[PDB]
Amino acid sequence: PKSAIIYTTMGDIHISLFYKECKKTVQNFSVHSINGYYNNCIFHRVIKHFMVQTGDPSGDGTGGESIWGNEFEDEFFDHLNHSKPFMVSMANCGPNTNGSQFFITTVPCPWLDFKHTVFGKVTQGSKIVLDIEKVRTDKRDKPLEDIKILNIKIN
């Protein structure tokens, strides 16, 4: 899988995938995407000037599972980092706790290097990500109006 398009209710985010390096992470993402696993997932956690986060079908914030059921390992690479905004990374709760949840950064996040697997980068629709992060959220950072993934196309 070389690239993806995430169709959302606010528009489309095109992503290149780091398939050479992050083989398992890209597989988890692409298989879920194709099976429709991410369809109707909301952006459940949005933090302005930081990141927008999605990939939990429950919408709770703790939900979602990898294609293996069990959580899987991080895949870190020096050349894959958060020095630029609009990187696509796995959410986690510590080392080797990858499920289905992922985020897109809106600012450089180098403090996340070697803590989150970077598995893609936005190539079109960064303005959509910037639109998403500006929405009104509650005290738990959940948008007041749901922003939804409709489909993810894998190329």
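Numbering starts at 1 and follows the sequence shown.
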| item | value |
| --- | --- |
| Selected stretch [higher average CA B-factor]: 116-124 or 59-67 | 59-67 |
| Which of 89-97 and 102-110 has higher mean CA B factor, as the PDB entry lists it | 89-97 |
| Third of the chain's Cα B-factor distribution that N40 belongs to, per the entry | highest |
| Third of the chain, ranked by Cα B-factor, where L17 sits | middle |
